[PDB]
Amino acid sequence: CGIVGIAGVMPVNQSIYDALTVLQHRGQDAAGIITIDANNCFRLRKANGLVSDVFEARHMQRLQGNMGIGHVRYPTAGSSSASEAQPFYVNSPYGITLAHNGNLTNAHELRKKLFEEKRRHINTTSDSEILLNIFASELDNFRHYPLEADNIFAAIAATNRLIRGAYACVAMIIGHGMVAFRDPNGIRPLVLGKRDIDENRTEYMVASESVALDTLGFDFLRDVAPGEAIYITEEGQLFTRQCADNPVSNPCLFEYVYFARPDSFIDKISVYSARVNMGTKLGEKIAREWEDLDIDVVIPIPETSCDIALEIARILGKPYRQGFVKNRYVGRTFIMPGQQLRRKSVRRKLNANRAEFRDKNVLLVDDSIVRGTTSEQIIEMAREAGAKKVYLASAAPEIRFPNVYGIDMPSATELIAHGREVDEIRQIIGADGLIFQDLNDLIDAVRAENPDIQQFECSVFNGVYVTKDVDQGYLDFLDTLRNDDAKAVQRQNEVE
């Protein structure tokens, strides 16, 4: 998921729209924009689909005001395609809306506590609504009006004490302004920017990645610190505060591997440079451990791995060639009566340049291996194109554990690397050779760009969950949400 918040001095609807379009890679299932208009009323538009589909002209005239937030959704457990999208809002106290990228590992406990202690009903299975109501709950304790910046930060600190997990948040409070905060482990990305209009008026904005600042012409200020809260008033004043105890920087490693855009700077690390480094480490590991193998060419599985594969081919002194081409437009397969629905995917997504594989030992480079069924089909494509020996290299280490911090991933039993050594995986997907990035090499590659980062969020690779509340009972709660997600999507399909 991706989030945007613009506290400006002129209409922000188009800017939020433009900022979401450059974060569209963080989620293409749904989109939502909400603004505070001249009467201090939320104005909202959200629906399923791409940003360019969700917001028509008639919806943009509705989104009046100089302050607003936006959200694009990646389908996760609890926030399915058939579900209501973000942002949510409650009308008491004062009026609050919130957009969220991440996941709360104690969502179930929080929902119970909200109902019993506050009689606050949660109408969806999205943990973002829960986070919103916790925050609204803590804000309701203050009776005097208006709230002071210290009240709002106090409410944010109380929230960080109650909730566990990973979250980058932006929110608005009618009559006050815009806030943004980050989990105490700094897992999910969030950056702050500004744009000076004159010596009196300055606009601010936050976003999941710096590219959203670049595209609008905002000067980059800094990443929002772990546990830090940003508050920008309706007049245009910026306040900050540390709202967590023992904050630490444990940025998500997956952001650098493939999820974030290469032209972004997350916690002072160029995603592009990090990915080039990954290819250096992986190319070095390959030259060391596959010295005896005959590799004719290095070919990337586009698009994420093109720069990584270029560096590997350099380390190995081997040619780089564009053997696979990814179609920019995919298109849907229709549920067809009296027509065969036996087509296998991946042929839509990718195509093979037949001349680049014929009678060659090829080294394919992909960003990661999850289920392996996709990887199998890519290797099959190479063989059908004429490749003899087909070797596969993964920019990421083996993916053995589910992510519970905002990155949608299948359960452990669906991960091919779960409970298997490398050779088993190789034999299953049909490769002649298979190699994975060493986790220490991946850490070094990203850590090289910012040595201040001591540890990263590596749960999917090593099973170490930094929040320390991931047990089998919690994993079962998520599999329940996924069961209900499938039933809601299925019922929509029948009705169409």
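In this text, residue numbers run from 1 along the sequence as written. Take the two forms, superpose them, and find the largest set of C-alpha atoms that agree within 1.5 Å; that set is the rigid core.
Determine, for 324-332 and 380-388, which one has C-alphas that on average lie farther from this form in 7 other deposited structures of this protein; superpose on the rigid core first. Farther from the shown form on average in 7 other deposited structures of this protein: 324-332.
Using the rigid core for superposition, please say which stretch has the greater CA deviation in 7 other deposited structures of this protein, 298-306 or 81-89. Once the core is superposed, the stretch further away in 7 other deposited structures of this protein is 81-89.
Mean C-alpha temperature factor, higher of 333-341 and 310-318: According to the PDB entry, the answer is 333-341.
Tell me which stretch, 18-26 or 479-487, has the higher mean Cα B-factor listed in the entry. Averaging CA B-factors over each stretch, the winner is 479-487.
Sort 214, 263, 384, 129 by C-alpha B-factor from the entry and give me just the highest. When the deposited C-alpha B-factors of 214, 263, 384, 129 are compared, 384 is largest.
So if I compare the CA B-factors in the entry for 229, 287, 297, 166, which one is the largest? Result of the comparison over 229, 287, 297, 166: 287.
Assigned third (lowest, middle, highest) for the C-alpha B factor of residue 153: It belongs to the middle third of the chain when residues are ordered by C-alpha B-factor.
How does the C-alpha B factor of residue 354 compare with the rest of the chain: lowest, middle or highest third? Highest third of the chain for residue 354's C-alpha B-factor.
Where does the C-alpha B-factor of residue 34 rank in its chain, lowest, middle or highest third? Tercile = highest for this residue's CA B-factor.
Which third, lowest, middle or highest, does the CA B-factor of residue 137 fall in along this chain? Middle third - that is where residue 137 ends up once the chain's C-alpha B-factors are sorted.
So where's residue 50 on the chain's Cα temperature factor ranking, which third? It belongs to the lowest third of the chain when residues are ordered by C-alpha B-factor.
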